[PDB]
file upload36.pdb (PDB, C-alpha atoms)
MODEL        1
ATOM      1  CA  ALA A   1     -85.927  36.627  56.200
ATOM      2  CA  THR A   2     -86.216  33.128  57.665
ATOM      3  CA  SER A   3     -85.505  33.196  61.399
ATOM      4  CA  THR A   4     -83.402  30.151  62.283
ATOM      5  CA  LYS A   5     -84.351  28.635  65.640
ATOM      6  CA  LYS A   6     -81.122  28.488  67.648
ATOM      7  CA  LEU A   7     -81.169  26.758  71.039
ATOM      8  CA  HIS A   8     -78.885  28.377  73.610
ATOM      9  CA  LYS A   9     -77.470  25.292  75.317
ATOM     10  CA  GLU A  10     -75.033  25.246  78.229
ATOM     11  CA  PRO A  11     -71.690  23.399  78.581
ATOM     12  CA  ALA A  12     -71.237  20.002  80.209
ATOM     13  CA  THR A  13     -68.641  18.135  82.257
ATOM     14  CA  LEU A  14     -66.157  15.309  81.711
ATOM     15  CA  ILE A  15     -67.696  11.845  82.029
ATOM     16  CA  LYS A  16     -66.551   9.848  79.002
ATOM     17  CA  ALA A  17     -63.877  10.394  76.350
ATOM     18  CA  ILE A  18     -63.913   8.636  72.979
ATOM     19  CA  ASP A  19     -62.996   9.333  69.352
ATOM     20  CA  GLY A  20     -66.495  10.396  68.334
ATOM     21  CA  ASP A  21     -68.434   7.327  69.449
ATOM     22  CA  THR A  22     -70.101   7.949  72.801
ATOM     23  CA  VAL A  23     -69.455  10.827  75.196
ATOM     24  CA  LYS A  24     -71.732  11.372  78.186
ATOM     25  CA  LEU A  25     -72.232  15.007  79.169
ATOM     26  CA  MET A  26     -73.665  16.225  82.468
ATOM     27  CA  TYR A  27     -76.953  17.810  81.408
ATOM     28  CA  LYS A  28     -79.386  18.909  84.117
ATOM     29  CA  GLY A  29     -77.510  16.662  86.532
ATOM     30  CA  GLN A  30     -77.886  13.607  84.302
ATOM     31  CA  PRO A  31     -75.240  12.270  81.856
ATOM     32  CA  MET A  32     -76.122  11.970  78.165
ATOM     33  CA  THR A  33     -74.067  10.475  75.325
ATOM     34  CA  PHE A  34     -73.707  12.668  72.221
ATOM     35  CA  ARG A  35     -71.422  12.220  69.198
ATOM     36  CA  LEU A  36     -71.714  14.437  66.120
ATOM     37  CA  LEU A  37     -68.448  15.849  64.800
ATOM     38  CA  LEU A  38     -67.407  15.545  61.153
ATOM     39  CA  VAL A  39     -65.738  18.239  59.052
ATOM     40  CA  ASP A  40     -63.562  17.847  55.955
ATOM     41  CA  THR A  41     -62.388  20.985  54.147
ATOM     42  CA  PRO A  42     -58.692  21.724  53.362
ATOM     43  CA  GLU A  43     -57.266  25.236  53.030
ATOM     44  CA  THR A  44     -56.476  24.509  49.373
ATOM     45  CA  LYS A  45     -58.591  26.281  46.742
ATOM     46  CA  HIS A  46     -60.369  23.067  45.753
ATOM     47  CA  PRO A  47     -61.731  21.432  48.957
ATOM     48  CA  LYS A  48     -60.884  17.741  48.619
ATOM     49  CA  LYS A  49     -61.135  15.724  51.838
ATOM     50  CA  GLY A  50     -60.010  17.916  54.721
ATOM     51  CA  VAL A  51     -58.034  16.703  57.727
ATOM     52  CA  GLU A  52     -58.353  13.041  58.710
ATOM     53  CA  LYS A  53     -58.019  11.122  61.977
ATOM     54  CA  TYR A  54     -54.607  12.392  63.077
ATOM     55  CA  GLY A  55     -54.732  10.250  66.204
ATOM     56  CA  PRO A  56     -56.711   9.087  69.282
ATOM     57  CA  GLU A  57     -55.041  11.853  71.319
ATOM     58  CA  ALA A  58     -58.498  13.471  71.323
ATOM     59  CA  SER A  59     -59.543  11.223  74.216
ATOM     60  CA  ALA A  60     -56.680  12.853  76.136
ATOM     61  CA  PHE A  61     -57.771  16.403  75.328
ATOM     62  CA  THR A  62     -60.730  15.757  77.627
ATOM     63  CA  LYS A  63     -58.200  15.709  80.483
ATOM     64  CA  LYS A  64     -55.891  18.682  80.042
ATOM     65  CA  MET A  65     -57.371  20.323  76.953
ATOM     66  CA  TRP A  66     -60.741  20.084  78.713
ATOM     67  CA  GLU A  67     -59.548  22.069  81.705
ATOM     68  CA  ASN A  68     -57.033  24.214  79.789
ATOM     69  CA  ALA A  69     -58.323  24.113  76.199
ATOM     70  CA  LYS A  70     -61.764  25.041  74.832
ATOM     71  CA  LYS A  71     -63.509  21.929  76.081
ATOM     72  CA  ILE A  72     -66.748  20.213  75.086
ATOM     73  CA  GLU A  73     -70.072  21.981  75.405
ATOM     74  CA  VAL A  74     -73.456  21.734  73.671
ATOM     75  CA  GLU A  75     -74.859  24.354  71.296
ATOM     76  CA  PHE A  76     -77.449  23.102  68.801
ATOM     77  CA  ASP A  77     -78.922  19.784  67.671
ATOM     78  CA  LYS A  78     -79.323  18.421  64.142
ATOM     79  CA  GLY A  79     -82.622  16.619  64.645
ATOM     80  CA  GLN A  80     -81.587  13.055  63.842
ATOM     81  CA  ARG A  81     -80.404  11.649  67.182
ATOM     82  CA  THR A  82     -78.780   8.624  65.521
ATOM     83  CA  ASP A  83     -75.974   9.198  63.013
ATOM     84  CA  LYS A  84     -73.481   6.339  63.366
ATOM     85  CA  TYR A  85     -74.459   4.074  66.262
ATOM     86  CA  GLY A  86     -77.462   5.949  67.610
ATOM     87  CA  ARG A  87     -76.456   7.663  70.843
ATOM     88  CA  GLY A  88     -77.743  11.196  71.372
ATOM     89  CA  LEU A  89     -77.030  14.094  69.021
ATOM     90  CA  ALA A  90     -74.219  16.495  69.959
ATOM     91  CA  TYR A  91     -70.732  17.532  68.868
ATOM     92  CA  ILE A  92     -67.690  17.037  71.080
ATOM     93  CA  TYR A  93     -65.662  20.253  71.220
ATOM     94  CA  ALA A  94     -61.997  19.582  71.993
ATOM     95  CA  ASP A  95     -59.660  22.492  72.754
ATOM     96  CA  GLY A  96     -61.965  24.691  70.696
ATOM     97  CA  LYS A  97     -60.791  22.627  67.722
ATOM     98  CA  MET A  98     -62.723  19.805  66.057
ATOM     99  CA  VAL A  99     -60.540  16.690  65.983
ATOM    100  CA  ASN A 100     -62.194  15.741  62.692
ATOM    101  CA  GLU A 101     -62.370  11.968  62.229
ATOM    102  CA  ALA A 102     -63.602  10.236  59.074
ATOM    103  CA  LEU A 103     -62.437   7.428  56.787
ATOM    104  CA  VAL A 104     -59.033   5.761  57.081
ATOM    105  CA  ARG A 105     -56.384   6.911  54.601
ATOM    106  CA  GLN A 106     -58.433   5.859  51.570
ATOM    107  CA  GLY A 107     -60.246   2.598  52.237
ATOM    108  CA  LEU A 108     -59.656   1.156  55.699
ATOM    109  CA  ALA A 109     -55.883   1.184  55.220
ATOM    110  CA  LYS A 110     -55.269  -0.252  51.751
TER     111      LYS A 110
ENDMDL
END
call {"tool": "encode", "arguments": {"input": "upload36.pdb", "output": "structure tokens"}}
result
Amino acid sequence: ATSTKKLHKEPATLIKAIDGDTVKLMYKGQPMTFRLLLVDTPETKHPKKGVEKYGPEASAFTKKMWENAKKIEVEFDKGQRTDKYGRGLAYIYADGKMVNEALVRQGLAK
């Protein structure tokens, strides 16, 4: 049995809110930008492109959904640091539900 090293990280605060681009979290008293959240898997038998960017409302969840809904916190890192732009490595948890943002319709709105 291969023991997977899981880092028990603590939750952060609200400093910056963006649609998976750059969100600074209060870690050890210092803010750090982390953006790693991408999941696409529909409930249909054959998983073909899950939910897409429903809207920028996510940035608002950090206000009410952050204080009332399962807000952002850090758990584990991937080990890449840079995925899209290159700003820290961490997933933004919004109201305990991943906003899920990837691609636009089909090809940048065709």
call {"tool": "residues_around", "arguments": {"input": "upload36.pdb", "residues": "residue A:37", "least_positions_apart": "2", "cutoff": "12 Å", "atoms": "all atoms listed in the file", "output": "MDAnalysis selection string"}}
result
chainID A and resid 18:23 34:35 39:40 53 72 74 77:78 83:84 89:94 97:102
call {"tool": "atom_distance", "arguments": {"input": "upload36.pdb", "atom1": "atom CA of residue A:14", "atom2": "atom CA of residue A:104"}}
result
27.4 Å
call {"tool": "resolve_selection", "arguments": {"input": "upload36.pdb", "expression": "the PyMOL selection byres ((chain A and resi 50) around 9)", "output": "ChimeraX atom specification"}}
result
/A:39-43,47-49,51-52,100
call {"tool": "atom_distance", "arguments": {"input": "upload36.pdb", "atom1": "atom CA of residue A:38", "atom2": "atom CA of residue A:4"}}
result
21.7 Å
call {"tool": "closest_residue", "arguments": {"input": "upload36.pdb", "among": "A:16, A:3, A:108, A:81", "to": "residue A:58", "atoms": "all atoms listed in the file"}}
result
A:16
call {"tool": "atom_distance", "arguments": {"input": "upload36.pdb", "atom1": "atom CA of residue A:63", "atom2": "atom CA of residue A:25"}}
result
14.1 Å
